[PDB]
file final-v1.tsv (TSV, N, CA and C atoms)
chain	number	residue	atom	x	y	z
A	1	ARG	N	12.19	-28.60	10.62
A	1	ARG	CA	13.58	-28.10	10.79
A	1	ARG	C	13.98	-27.18	9.64
A	2	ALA	N	13.62	-25.91	9.75
A	2	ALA	CA	13.95	-24.92	8.73
A	2	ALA	C	15.04	-23.97	9.21
A	3	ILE	N	15.54	-23.15	8.29
A	3	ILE	CA	16.59	-22.19	8.62
A	3	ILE	C	16.23	-20.79	8.13
A	4	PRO	N	16.36	-19.77	8.99
A	4	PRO	CA	16.05	-18.38	8.62
A	4	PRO	C	16.92	-17.89	7.47
A	5	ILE	N	16.26	-17.31	6.47
A	5	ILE	CA	16.96	-16.78	5.30
A	5	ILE	C	17.23	-15.28	5.45
A	6	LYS	N	16.47	-14.64	6.34
A	6	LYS	CA	16.62	-13.21	6.60
A	6	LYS	C	15.55	-12.77	7.58
A	7	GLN	N	15.95	-12.43	8.79
A	7	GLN	CA	15.00	-11.98	9.79
A	7	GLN	C	15.47	-10.69	10.44
A	8	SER	N	14.76	-9.61	10.17
A	8	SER	CA	15.11	-8.31	10.73
A	8	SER	C	13.98	-7.30	10.56
A	9	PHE	N	14.24	-6.06	10.95
A	9	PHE	CA	13.24	-5.01	10.85
A	9	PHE	C	13.15	-4.48	9.42
A	10	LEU	N	11.95	-4.03	9.05
A	10	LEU	CA	11.72	-3.49	7.71
A	10	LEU	C	10.73	-2.34	7.76
A	11	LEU	N	10.87	-1.40	6.84
A	11	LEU	CA	9.97	-0.26	6.79
A	11	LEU	C	8.77	-0.58	5.90
A	12	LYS	N	7.57	-0.20	6.35
A	12	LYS	CA	6.36	-0.47	5.59
A	12	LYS	C	5.52	0.79	5.41
A	13	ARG	N	5.24	1.14	4.16
A	13	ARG	CA	4.45	2.32	3.84
A	13	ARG	C	3.15	2.35	4.64
A	14	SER	N	2.68	3.55	4.96
A	14	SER	CA	1.45	3.72	5.72
A	14	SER	C	0.86	5.11	5.49
A	15	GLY	N	0.33	5.33	4.29
A	15	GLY	CA	-0.26	6.61	3.96
A	15	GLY	C	-0.73	6.69	2.52
A	16	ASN	N	0.15	7.15	1.63
A	16	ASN	CA	-0.18	7.27	0.22
A	16	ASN	C	1.08	7.44	-0.62
A	17	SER	N	0.90	7.50	-1.94
A	17	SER	CA	2.03	7.66	-2.85
A	17	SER	C	2.61	9.07	-2.76
A	18	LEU	N	1.74	10.07	-2.79
A	18	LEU	CA	2.16	11.46	-2.70
A	18	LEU	C	2.81	11.75	-1.36
A	19	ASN	N	2.33	11.08	-0.31
A	19	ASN	CA	2.86	11.27	1.03
A	19	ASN	C	3.24	9.93	1.65
A	20	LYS	N	4.43	9.44	1.33
A	20	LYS	CA	4.90	8.17	1.85
A	20	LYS	C	5.19	8.27	3.35
A	21	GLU	N	5.14	7.12	4.02
A	21	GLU	CA	5.39	7.06	5.46
A	21	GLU	C	5.57	5.61	5.88
A	22	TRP	N	6.82	5.20	6.03
A	22	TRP	CA	7.14	3.83	6.41
A	22	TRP	C	7.34	3.71	7.91
A	23	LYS	N	6.78	2.65	8.49
A	23	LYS	CA	6.90	2.40	9.92
A	23	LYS	C	7.81	1.20	10.18
A	24	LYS	N	8.34	1.12	11.39
A	24	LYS	CA	9.23	0.02	11.76
A	24	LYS	C	8.47	-1.29	11.88
A	25	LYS	N	8.86	-2.27	11.07
A	25	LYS	CA	8.22	-3.58	11.08
A	25	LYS	C	9.25	-4.67	11.36
A	26	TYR	N	8.81	-5.92	11.29
A	26	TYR	CA	9.69	-7.06	11.54
A	26	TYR	C	9.36	-8.19	10.57
A	27	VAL	N	10.30	-8.52	9.69
A	27	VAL	CA	10.09	-9.58	8.71
A	27	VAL	C	11.05	-10.73	8.93
A	28	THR	N	10.59	-11.93	8.61
A	28	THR	CA	11.42	-13.11	8.73
A	28	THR	C	11.23	-14.04	7.54
A	29	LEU	N	12.27	-14.14	6.73
A	29	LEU	CA	12.27	-15.01	5.58
A	29	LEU	C	12.82	-16.36	6.01
A	30	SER	N	11.99	-17.38	5.96
A	30	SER	CA	12.41	-18.71	6.38
A	30	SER	C	12.69	-19.61	5.18
A	31	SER	N	13.40	-20.70	5.43
A	31	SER	CA	13.74	-21.65	4.38
A	31	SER	C	12.54	-22.53	4.03
A	32	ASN	N	11.40	-22.28	4.67
A	32	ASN	CA	10.18	-23.05	4.43
A	32	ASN	C	9.32	-22.40	3.36
A	33	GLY	N	9.95	-21.63	2.48
A	33	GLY	CA	9.21	-20.96	1.43
A	33	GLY	C	8.09	-20.12	1.99
A	34	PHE	N	8.37	-19.41	3.07
A	34	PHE	CA	7.37	-18.57	3.71
A	34	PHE	C	7.95	-17.24	4.15
A	35	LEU	N	7.24	-16.17	3.83
A	35	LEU	CA	7.66	-14.83	4.20
A	35	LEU	C	6.69	-14.24	5.23
A	36	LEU	N	7.18	-13.96	6.43
A	36	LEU	CA	6.33	-13.42	7.48
A	36	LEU	C	6.77	-12.02	7.89
A	37	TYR	N	5.79	-11.20	8.29
A	37	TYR	CA	6.08	-9.84	8.72
A	37	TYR	C	5.06	-9.38	9.77
A	38	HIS	N	5.58	-8.86	10.88
A	38	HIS	CA	4.75	-8.39	11.98
A	38	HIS	C	4.95	-6.89	12.20
A	39	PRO	N	4.01	-6.25	12.91
A	39	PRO	CA	4.09	-4.81	13.20
A	39	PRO	C	5.44	-4.40	13.78
A	40	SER	N	6.02	-5.26	14.62
A	40	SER	CA	7.31	-4.97	15.23
A	40	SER	C	7.92	-6.23	15.85
A	41	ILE	N	8.98	-6.04	16.64
A	41	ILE	CA	9.65	-7.16	17.29
A	41	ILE	C	8.76	-7.79	18.35
A	42	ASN	N	8.11	-6.95	19.16
A	42	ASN	CA	7.21	-7.45	20.20
A	42	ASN	C	6.20	-8.42	19.60
A	43	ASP	N	5.93	-8.25	18.31
A	43	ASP	CA	4.99	-9.11	17.61
A	43	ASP	C	5.64	-10.46	17.29
A	44	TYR	N	6.90	-10.43	16.88
A	44	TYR	CA	7.63	-11.65	16.56
A	44	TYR	C	7.92	-12.45	17.82
A	45	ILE	N	8.49	-11.76	18.81
A	45	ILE	CA	8.83	-12.37	20.09
A	45	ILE	C	7.60	-12.97	20.76
A	46	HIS	N	6.65	-12.09	21.05
A	46	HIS	CA	5.41	-12.47	21.72
A	46	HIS	C	4.47	-13.22	20.79
A	47	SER	N	4.61	-13.00	19.48
A	47	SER	CA	3.77	-13.68	18.49
A	47	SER	C	2.38	-13.07	18.43
A	48	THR	N	2.30	-11.83	17.95
A	48	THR	CA	1.03	-11.13	17.82
A	48	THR	C	1.01	-10.31	16.54
A	49	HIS	N	0.10	-10.66	15.64
A	49	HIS	CA	0.00	-9.97	14.36
A	49	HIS	C	1.23	-10.26	13.51
A	50	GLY	N	1.16	-11.34	12.74
A	50	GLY	CA	2.27	-11.73	11.89
A	50	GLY	C	1.79	-12.32	10.58
A	51	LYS	N	1.64	-11.46	9.59
A	51	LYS	CA	1.17	-11.88	8.28
A	51	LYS	C	2.21	-12.75	7.57
A	52	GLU	N	1.73	-13.73	6.82
A	52	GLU	CA	2.61	-14.64	6.08
A	52	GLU	C	2.18	-14.73	4.63
A	53	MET	N	3.16	-14.72	3.74
A	53	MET	CA	2.90	-14.80	2.31
A	53	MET	C	3.60	-16.01	1.70
A	54	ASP	N	2.82	-16.90	1.10
A	54	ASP	CA	3.36	-18.10	0.48
A	54	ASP	C	4.39	-17.74	-0.59
A	55	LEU	N	5.53	-18.42	-0.56
A	55	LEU	CA	6.59	-18.17	-1.52
A	55	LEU	C	6.56	-19.17	-2.67
A	56	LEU	N	5.38	-19.71	-2.96
A	56	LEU	CA	5.23	-20.68	-4.04
A	56	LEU	C	5.07	-19.97	-5.38
A	57	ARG	N	4.21	-18.96	-5.42
A	57	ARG	CA	3.98	-18.21	-6.64
A	57	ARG	C	3.96	-16.71	-6.36
A	58	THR	N	5.06	-16.21	-5.80
A	58	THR	CA	5.17	-14.79	-5.47
A	58	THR	C	6.20	-14.11	-6.37
A	59	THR	N	6.13	-12.79	-6.44
A	59	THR	CA	7.05	-12.01	-7.25
A	59	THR	C	7.69	-10.92	-6.41
A	60	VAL	N	8.90	-10.53	-6.77
A	60	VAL	CA	9.62	-9.49	-6.04
A	60	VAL	C	10.16	-8.42	-6.99
A	61	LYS	N	9.81	-7.17	-6.73
A	61	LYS	CA	10.26	-6.07	-7.57
A	61	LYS	C	10.26	-4.74	-6.81
A	62	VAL	N	11.03	-3.78	-7.31
A	62	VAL	CA	11.11	-2.47	-6.69
A	62	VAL	C	9.91	-1.61	-7.05
A	63	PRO	N	9.59	-0.59	-6.23
A	63	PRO	CA	8.46	0.30	-6.47
A	63	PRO	C	8.64	1.15	-7.72
A	64	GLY	N	8.56	0.51	-8.89
A	64	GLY	CA	8.71	1.21	-10.14
A	64	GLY	C	9.99	2.02	-10.22
A	65	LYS	N	11.12	1.33	-10.12
A	65	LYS	CA	12.42	1.99	-10.18
A	65	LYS	C	13.40	1.21	-11.05
A	66	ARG	N	14.38	1.90	-11.61
A	66	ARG	CA	15.38	1.27	-12.46
A	66	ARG	C	16.11	0.17	-11.70
A	67	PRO	N	16.74	-0.78	-12.43
A	67	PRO	CA	17.48	-1.88	-11.82
A	67	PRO	C	18.53	-1.39	-10.82
A	68	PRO	N	18.41	-1.78	-9.54
A	68	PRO	CA	19.35	-1.37	-8.50
A	68	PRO	C	20.71	-2.05	-8.65
A	69	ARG	N	21.65	-1.35	-9.28
A	69	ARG	CA	22.99	-1.89	-9.49
A	69	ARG	C	24.04	-0.79	-9.32
A	70	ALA	N	24.31	-0.42	-8.07
A	70	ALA	CA	25.29	0.61	-7.77
A	70	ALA	C	26.70	0.13	-8.06
A	71	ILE	N	26.96	-1.14	-7.75
A	71	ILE	CA	28.28	-1.73	-7.98
A	71	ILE	C	28.64	-1.72	-9.46
A	72	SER	N	27.63	-1.90	-10.31
A	72	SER	CA	27.83	-1.92	-11.75
A	72	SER	C	28.75	-3.07	-12.16
A	73	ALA	N	28.26	-3.90	-13.08
A	73	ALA	CA	29.04	-5.04	-13.56
A	73	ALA	C	29.83	-4.69	-14.81
A	74	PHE	N	30.00	-3.40	-15.05
A	74	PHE	CA	30.75	-2.92	-16.21
A	74	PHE	C	30.09	-3.38	-17.51
A	75	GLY	N	30.32	-2.63	-18.58
A	75	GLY	CA	29.74	-2.97	-19.87
A	75	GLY	C	28.70	-1.97	-20.32
A	76	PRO	N	28.64	-1.66	-21.62
A	76	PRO	CA	27.67	-0.70	-22.16
A	76	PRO	C	26.23	-1.06	-21.79
A	77	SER	N	25.67	-0.30	-20.85
A	77	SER	CA	24.30	-0.54	-20.41
A	77	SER	C	23.30	0.11	-21.35
A	78	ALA	N	22.01	-0.04	-21.05
A	78	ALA	CA	20.96	0.53	-21.87
A	78	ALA	C	20.84	2.03	-21.65
A	79	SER	N	21.13	2.47	-20.42
A	79	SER	CA	21.05	3.88	-20.08
A	79	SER	C	21.68	4.15	-18.71
A	80	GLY	N	23.00	4.30	-18.70
A	80	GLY	CA	23.70	4.55	-17.45
A	80	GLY	C	23.45	5.95	-16.91
A	81	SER	N	22.21	6.21	-16.51
A	81	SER	CA	21.84	7.51	-15.97
A	81	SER	C	22.37	7.68	-14.55
A	82	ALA	N	22.13	8.86	-13.97
A	82	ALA	CA	22.58	9.15	-12.62
A	82	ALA	C	24.10	9.05	-12.51
A	83	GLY	N	24.76	10.20	-12.52
A	83	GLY	CA	26.21	10.22	-12.43
A	83	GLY	C	26.71	11.04	-11.26
A	84	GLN	N	26.08	12.20	-11.05
A	84	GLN	CA	26.46	13.08	-9.95
A	84	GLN	C	25.58	12.86	-8.73
A	85	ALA	N	24.31	12.53	-8.98
A	85	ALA	CA	23.36	12.29	-7.90
A	85	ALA	C	22.75	10.90	-8.02
A	86	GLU	N	22.19	10.40	-6.92
A	86	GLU	CA	21.58	9.08	-6.90
A	86	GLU	C	20.60	8.96	-5.73
A	87	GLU	N	19.39	8.51	-6.02
A	87	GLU	CA	18.37	8.34	-4.99
A	87	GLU	C	18.82	7.33	-3.94
A	88	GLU	N	19.38	6.22	-4.40
A	88	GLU	CA	19.85	5.17	-3.49
A	88	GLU	C	18.72	4.67	-2.61
A	89	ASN	N	17.51	4.66	-3.16
A	89	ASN	CA	16.33	4.20	-2.42
A	89	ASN	C	16.15	2.69	-2.57
A	90	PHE	N	16.51	1.95	-1.53
A	90	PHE	CA	16.39	0.49	-1.55
A	90	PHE	C	15.07	0.03	-0.94
A	91	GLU	N	14.13	-0.36	-1.81
A	91	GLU	CA	12.82	-0.83	-1.38
A	91	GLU	C	12.30	-1.89	-2.34
A	92	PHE	N	11.86	-3.03	-1.80
A	92	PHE	CA	11.36	-4.12	-2.63
A	92	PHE	C	9.93	-4.50	-2.24
A	93	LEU	N	9.19	-5.03	-3.21
A	93	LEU	CA	7.80	-5.43	-2.99
A	93	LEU	C	7.62	-6.94	-3.16
A	94	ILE	N	6.73	-7.51	-2.35
A	94	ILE	CA	6.44	-8.94	-2.41
A	94	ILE	C	5.00	-9.16	-2.86
A	95	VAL	N	4.82	-9.65	-4.08
A	95	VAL	CA	3.47	-9.87	-4.61
A	95	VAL	C	3.03	-11.32	-4.45
A	96	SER	N	1.84	-11.50	-3.89
A	96	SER	CA	1.28	-12.82	-3.69
A	96	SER	C	0.40	-13.21	-4.87
A	97	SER	N	-0.28	-14.34	-4.76
A	97	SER	CA	-1.15	-14.81	-5.83
A	97	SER	C	-2.52	-14.14	-5.77
A	98	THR	N	-2.86	-13.58	-4.62
A	98	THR	CA	-4.15	-12.92	-4.46
A	98	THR	C	-4.01	-11.40	-4.58
A	99	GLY	N	-2.95	-10.97	-5.26
A	99	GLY	CA	-2.73	-9.54	-5.45
A	99	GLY	C	-2.05	-8.88	-4.26
A	100	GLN	N	-2.12	-9.51	-3.09
A	100	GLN	CA	-1.50	-8.96	-1.89
A	100	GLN	C	-0.04	-8.62	-2.15
A	101	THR	N	0.31	-7.34	-1.97
A	101	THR	CA	1.67	-6.90	-2.20
A	101	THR	C	2.29	-6.29	-0.95
A	102	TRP	N	3.32	-6.95	-0.43
A	102	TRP	CA	4.03	-6.48	0.75
A	102	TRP	C	5.18	-5.58	0.34
A	103	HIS	N	5.03	-4.28	0.54
A	103	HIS	CA	6.10	-3.35	0.18
A	103	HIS	C	6.94	-3.00	1.40
A	104	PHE	N	8.21	-3.38	1.37
A	104	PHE	CA	9.11	-3.09	2.48
A	104	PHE	C	10.33	-2.30	2.04
A	105	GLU	N	10.94	-1.61	2.99
A	105	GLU	CA	12.14	-0.82	2.73
A	105	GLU	C	13.27	-1.28	3.65
A	106	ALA	N	14.18	-2.07	3.09
A	106	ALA	CA	15.31	-2.60	3.85
A	106	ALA	C	16.10	-1.49	4.54
A	107	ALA	N	16.37	-1.68	5.82
A	107	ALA	CA	17.13	-0.71	6.60
A	107	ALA	C	18.58	-0.67	6.13
A	108	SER	N	19.08	-1.82	5.69
A	108	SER	CA	20.45	-1.93	5.21
A	108	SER	C	20.47	-2.18	3.71
A	109	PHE	N	21.47	-1.63	3.04
A	109	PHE	CA	21.60	-1.78	1.59
A	109	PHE	C	21.88	-3.24	1.22
A	110	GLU	N	22.70	-3.91	2.02
A	110	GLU	CA	23.04	-5.31	1.77
A	110	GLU	C	21.87	-6.22	2.11
A	111	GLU	N	21.13	-5.85	3.16
A	111	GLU	CA	19.98	-6.63	3.61
A	111	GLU	C	18.90	-6.70	2.53
A	112	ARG	N	18.66	-5.58	1.85
A	112	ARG	CA	17.64	-5.54	0.81
A	112	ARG	C	17.91	-6.59	-0.26
A	113	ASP	N	19.19	-6.83	-0.54
A	113	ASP	CA	19.57	-7.81	-1.54
A	113	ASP	C	19.33	-9.22	-1.03
A	114	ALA	N	19.79	-9.49	0.19
A	114	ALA	CA	19.60	-10.81	0.79
A	114	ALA	C	18.13	-11.17	0.80
A	115	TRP	N	17.30	-10.23	1.24
A	115	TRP	CA	15.86	-10.43	1.29
A	115	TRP	C	15.31	-10.73	-0.10
A	116	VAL	N	15.57	-9.84	-1.05
A	116	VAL	CA	15.10	-10.04	-2.41
A	116	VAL	C	15.57	-11.38	-2.95
A	117	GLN	N	16.76	-11.80	-2.54
A	117	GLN	CA	17.32	-13.07	-2.97
A	117	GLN	C	16.71	-14.21	-2.15
A	118	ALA	N	16.34	-13.91	-0.91
A	118	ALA	CA	15.74	-14.90	-0.03
A	118	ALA	C	14.34	-15.25	-0.51
A	119	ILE	N	13.58	-14.23	-0.86
A	119	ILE	CA	12.22	-14.42	-1.36
A	119	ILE	C	12.25	-15.15	-2.70
A	120	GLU	N	13.09	-14.68	-3.62
A	120	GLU	CA	13.21	-15.32	-4.92
A	120	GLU	C	13.80	-16.71	-4.77
A	121	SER	N	14.67	-16.88	-3.79
A	121	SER	CA	15.30	-18.17	-3.53
A	121	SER	C	14.27	-19.17	-3.04
A	122	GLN	N	13.43	-18.74	-2.11
A	122	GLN	CA	12.38	-19.59	-1.57
A	122	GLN	C	11.42	-20.01	-2.68
A	123	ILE	N	11.20	-19.10	-3.62
A	123	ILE	CA	10.31	-19.36	-4.75
A	123	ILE	C	10.97	-20.32	-5.74
A	124	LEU	N	12.28	-20.19	-5.90
A	124	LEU	CA	13.02	-21.04	-6.81
A	124	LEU	C	13.07	-22.47	-6.29
A	125	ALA	N	13.12	-22.62	-4.97
A	125	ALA	CA	13.16	-23.93	-4.35
A	125	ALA	C	11.79	-24.60	-4.38
A	126	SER	N	10.75	-23.79	-4.20
A	126	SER	CA	9.38	-24.30	-4.21
A	126	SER	C	8.93	-24.61	-5.64
A	127	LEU	N	9.47	-23.87	-6.60
A	127	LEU	CA	9.12	-24.06	-8.00
A	127	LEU	C	9.68	-25.38	-8.52
A	128	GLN	N	10.96	-25.61	-8.24
A	128	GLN	CA	11.63	-26.83	-8.68
A	128	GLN	C	11.02	-28.06	-8.01
call {"tool": "encode", "arguments": {"input": "final-v1.tsv", "output": "structure tokens"}}
result
Amino acid sequence: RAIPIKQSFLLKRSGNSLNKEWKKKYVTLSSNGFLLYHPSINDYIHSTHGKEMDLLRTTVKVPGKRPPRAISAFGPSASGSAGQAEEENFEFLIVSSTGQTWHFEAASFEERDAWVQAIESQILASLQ
């Protein structure tokens, strides 16, 4: 008897660094300390091709980017760069214990946070 922590579509790179290309995927963060992701919805519904990453000893971080804090918690930061322009690129990575790294790009700005918090949350619960 578990409860979904975040289940929706996610973008997944499919090419290279110089030439990025994310495809429509389907991820489901469950309260069972497990992160699953399939090629698409037909995969989740029908249950075909659905990779799972243990949330016992996993890490979550952005693709080499500064701390995502658009809201800003006020206070002299280390380097409040970006004033007129902003990439606003919301993408997080899920690192497993075997090096396996699931890089996804949240379709929604708020969703990316829930997910990152869902993955870290599942890890915090499994750690304790």
call {"tool": "residues_around", "arguments": {"input": "final-v1.tsv", "residues": "region 32-45 of chain A", "least_positions_apart": "4", "cutoff": "6 Å", "atoms": "all atoms listed in the file", "output": "PyMOL selection string"}}
result
chain A and resi 2-3+24-28+49-56+122-123
call {"tool": "axis_aligned_box", "arguments": {"input": "final-v1.tsv", "around": "region 48-57 of chain A", "padding_each_side": "4 Å", "output": "AutoDock Vina command-line options"}}
result
--center_x 3.3 --center_y -15.3 --center_z 5.7 --size_x 14.6 --size_y 18.7 --size_z 32.6
call {"tool": "residues_around", "arguments": {"input": "final-v1.tsv", "residues": "residue 63 (chain A)", "least_positions_apart": "2", "cutoff": "6.5 Å", "atoms": "only N, CA and C atoms", "output": "VMD selection string"}}
result
chain A and resid 61 65 91 to 93
call {"tool": "atom_distance", "arguments": {"input": "final-v1.tsv", "atom1": "atom N of residue 127 (chain A)", "atom2": "CA of residue 31 (chain A)"}}
result
12.0 Å
call {"tool": "atom_distance", "arguments": {"input": "final-v1.tsv", "atom1": "CA of residue 78 (chain A)", "atom2": "atom C of residue 107 (chain A)"}}
result
28.1 Å
call {"tool": "select_by_dssp", "arguments": {"input": "final-v1.tsv", "residues": "region 33-89 of chain A", "states": "strand (DSSP E or B)", "output": "ChimeraX atom specification"}}
result
/A:34-38,51-54,59-61
call {"tool": "atom_distance", "arguments": {"input": "final-v1.tsv", "atom1": "atom N of residue 117 (chain A)", "atom2": "atom N of residue 14 (chain A)"}}
result
22.1 Å
call {"tool": "closest_residue", "arguments": {"input": "final-v1.tsv", "among": "A:13, A:81, A:67, A:30", "to": "residue 103 (chain A)", "atoms": "only N, CA and C atoms"}}
result
A:13
call {"tool": "closest_residue", "arguments": {"input": "final-v1.tsv", "among": "A:17, A:96, A:72, A:84", "to": "residue 60 (chain A)", "atoms": "all atoms listed in the file"}}
result
A:96
call {"tool": "select_by_dssp", "arguments": {"input": "final-v1.tsv", "residues": "chain A", "states": "helix (DSSP H, G or I)", "output": "list in words"}}
result
residues 41, 42, 43, 44, 45, 46, 109, 110, 111, 112, 113, 114, 115, 116, 117, 118, 119, 120, 121, 122, 123, 124, 125, 126 and 127 of chain A
call {"tool": "build_atoms", "arguments": {"input": "final-v1.tsv", "residues": "region 89-102 of chain A", "atoms": "N, CA, C and O atoms", "output": "PDB file, in the coordinates of the input"}}
result
ATOM      1  N   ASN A  89      17.510   4.660  -3.160  1.00  0.00           N
ATOM      2  CA  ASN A  89      16.330   4.200  -2.420  1.00  0.00           C
ATOM      3  C   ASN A  89      16.150   2.690  -2.570  1.00  0.00           C
ATOM      4  O   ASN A  89      15.707   2.211  -3.617  1.00  0.00           O
ATOM      5  N   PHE A  90      16.510   1.950  -1.530  1.00  0.00           N
ATOM      6  CA  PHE A  90      16.390   0.490  -1.550  1.00  0.00           C
ATOM      7  C   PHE A  90      15.070   0.030  -0.940  1.00  0.00           C
ATOM      8  O   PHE A  90      14.898   0.029   0.275  1.00  0.00           O
ATOM      9  N   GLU A  91      14.130  -0.360  -1.810  1.00  0.00           N
ATOM     10  CA  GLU A  91      12.820  -0.830  -1.380  1.00  0.00           C
ATOM     11  C   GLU A  91      12.300  -1.890  -2.340  1.00  0.00           C
ATOM     12  O   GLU A  91      12.309  -1.694  -3.559  1.00  0.00           O
ATOM     13  N   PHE A  92      11.860  -3.030  -1.800  1.00  0.00           N
ATOM     14  CA  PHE A  92      11.360  -4.120  -2.630  1.00  0.00           C
ATOM     15  C   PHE A  92       9.930  -4.500  -2.240  1.00  0.00           C
ATOM     16  O   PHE A  92       9.507  -4.301  -1.105  1.00  0.00           O
ATOM     17  N   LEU A  93       9.190  -5.030  -3.210  1.00  0.00           N
ATOM     18  CA  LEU A  93       7.800  -5.430  -2.990  1.00  0.00           C
ATOM     19  C   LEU A  93       7.620  -6.940  -3.160  1.00  0.00           C
ATOM     20  O   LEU A  93       8.264  -7.554  -4.008  1.00  0.00           O
ATOM     21  N   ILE A  94       6.730  -7.510  -2.350  1.00  0.00           N
ATOM     22  CA  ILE A  94       6.440  -8.940  -2.410  1.00  0.00           C
ATOM     23  C   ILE A  94       5.000  -9.160  -2.860  1.00  0.00           C
ATOM     24  O   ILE A  94       4.061  -8.882  -2.121  1.00  0.00           O
ATOM     25  N   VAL A  95       4.820  -9.650  -4.080  1.00  0.00           N
ATOM     26  CA  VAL A  95       3.470  -9.870  -4.610  1.00  0.00           C
ATOM     27  C   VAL A  95       3.030 -11.320  -4.450  1.00  0.00           C
ATOM     28  O   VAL A  95       3.736 -12.248  -4.846  1.00  0.00           O
ATOM     29  N   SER A  96       1.840 -11.500  -3.890  1.00  0.00           N
ATOM     30  CA  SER A  96       1.280 -12.820  -3.690  1.00  0.00           C
ATOM     31  C   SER A  96       0.400 -13.210  -4.870  1.00  0.00           C
ATOM     32  O   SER A  96       0.338 -12.489  -5.867  1.00  0.00           O
ATOM     33  N   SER A  97      -0.280 -14.340  -4.760  1.00  0.00           N
ATOM     34  CA  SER A  97      -1.150 -14.810  -5.830  1.00  0.00           C
ATOM     35  C   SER A  97      -2.520 -14.140  -5.770  1.00  0.00           C
ATOM     36  O   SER A  97      -3.257 -14.142  -6.758  1.00  0.00           O
ATOM     37  N   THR A  98      -2.860 -13.580  -4.620  1.00  0.00           N
ATOM     38  CA  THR A  98      -4.150 -12.920  -4.460  1.00  0.00           C
ATOM     39  C   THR A  98      -4.010 -11.400  -4.580  1.00  0.00           C
ATOM     40  O   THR A  98      -4.845 -10.650  -4.082  1.00  0.00           O
ATOM     41  N   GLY A  99      -2.950 -10.970  -5.260  1.00  0.00           N
ATOM     42  CA  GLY A  99      -2.730  -9.540  -5.450  1.00  0.00           C
ATOM     43  C   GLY A  99      -2.050  -8.880  -4.260  1.00  0.00           C
ATOM     44  O   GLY A  99      -1.468  -7.806  -4.399  1.00  0.00           O
ATOM     45  N   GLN A 100      -2.120  -9.510  -3.090  1.00  0.00           N
ATOM     46  CA  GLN A 100      -1.500  -8.960  -1.890  1.00  0.00           C
ATOM     47  C   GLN A 100      -0.040  -8.620  -2.150  1.00  0.00           C
ATOM     48  O   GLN A 100       0.754  -9.481  -2.512  1.00  0.00           O
ATOM     49  N   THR A 101       0.310  -7.340  -1.970  1.00  0.00           N
ATOM     50  CA  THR A 101       1.670  -6.900  -2.200  1.00  0.00           C
ATOM     51  C   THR A 101       2.290  -6.290  -0.950  1.00  0.00           C
ATOM     52  O   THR A 101       1.864  -5.235  -0.480  1.00  0.00           O
ATOM     53  N   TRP A 102       3.320  -6.950  -0.430  1.00  0.00           N
ATOM     54  CA  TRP A 102       4.030  -6.480   0.750  1.00  0.00           C
ATOM     55  C   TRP A 102       5.180  -5.580   0.340  1.00  0.00           C
ATOM     56  O   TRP A 102       6.210  -6.063  -0.143  1.00  0.00           O
TER      57      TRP A 102
END
